[PDB]
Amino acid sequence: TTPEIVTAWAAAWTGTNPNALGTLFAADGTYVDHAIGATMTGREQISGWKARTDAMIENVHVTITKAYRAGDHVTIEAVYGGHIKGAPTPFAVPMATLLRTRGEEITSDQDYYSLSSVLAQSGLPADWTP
C-alpha cells in the first residue's frame, strides 16, 4: 500500500508540530515548494517551513490519494487543504510530491501545485500576497 515515509510525511504536515516535518529528513535534506518558489535546506529550515505555513494558513491538512515507490524515489498524489487566515473561503487543491530517500530519511522533497488555484478557491485576488 502506502510507504511508511508517506504516511509519516502526511502526518507531519497535518499535525501541529513543526519539528515532525524536519525530523523525517537527513541533515543535508532539501525542500522545494514550486508553487511559492521557496527552497529550504537542513532540518531546522524545513521545520521552520511548516511553522511559517501554519502562521499563515489555519488547519492545514494533506491527504494521500495514492503513492508509489521506485527504489529510492517516491511519488505522492495528494490533496492539500487549509484556510488562509482572513480569506473568505478554504481551499483544497491537487498536489504532487516527489521524494528522494536514503535509508529511512528524506533527502529531497519537491511539491508541485498551482498557487492560482489556492487563491481562486480562497476568494482572494489573483495577485494576493502575505
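Numbering starts at 1 and follows the sequence shown.
When the C-alpha B-factors of 90-98 and 53-61 are averaged, 53-61 comes out higher.
Placement of the Cα temperature factor of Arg43 within the chain: highest third of the modelled residues, per the deposited record. In the deposited entry, the Cα temperature factor of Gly29 places it in the middle third of its chain's modelled residues. For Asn17, the recorded CA temperature factor ranks within the highest third of the chain's modelled residues. Annotation for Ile76: C-alpha temperature factor in the lowest third relative to the rest of the modelled chain, per the entry.
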